[PDB]
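The structure under discussion appears below in the form of structure tokens.
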There are 2 protein chains.
Amino acid sequence: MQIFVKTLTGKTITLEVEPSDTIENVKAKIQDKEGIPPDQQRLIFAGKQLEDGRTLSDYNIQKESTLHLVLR
Amino acid sequence: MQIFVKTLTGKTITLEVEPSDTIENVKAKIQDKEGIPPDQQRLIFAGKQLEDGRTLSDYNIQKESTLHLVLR
């Protein structure tokens, strides 16, 4: 399924993922596309910070869901 | 009536609502469209945070009004 990630600068990125994909895997996909190291990235969905040891399905993230990316 | 919700990434969503719709109901509509759980969403209008137990009419939100969505 496709998901969207918005940046602090107003950019939107589209990613192809599976509900069984891990958050760490998602961060890795972002690194590949934007060059941002996973340790400097924070992912938020519906006001909650997503953990690297959990999956998309655990957060009930559905197709065309939009995640927010924060930089540290 | 139609309303607009802007995201932190610069995306604009259009929703169909009634003045008697509750904010919780509006959040639920956003969840359906974006996959963001209501507990992770914060809605702001004219600088004020909207509560889940109040309605759109209570905030005098009129047709073509634009709300801002914040993620926690």
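Each reported figure results from applying straightforward, stated rules to the coordinates on display, with no laboratory input. Positions of Cβ are backbone-derived with ideal geometry, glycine not excepted, and every protein chain shown enters the neighbour counts.
Could we say that residue B:41 is polar (S, T, N, Q) and in contact (Cβ under 8 Å) with a residue 12 or more places away in the chain here? In short, yes. Could you please let me know if residue B:12 is β-branched (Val, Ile, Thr) and surrounded by 13 or more Cβ atoms within 10 Å (Cβ to Cβ)? Here the answer is no, as residue B:12 does not meet what is asked. Under the condition of being on the phi > 0 side of the Ramachandran plot and surrounded by 15 or more Cβ atoms within 10 Å (Cβ to Cβ), the residues counted in segment A:28-52 number 2.
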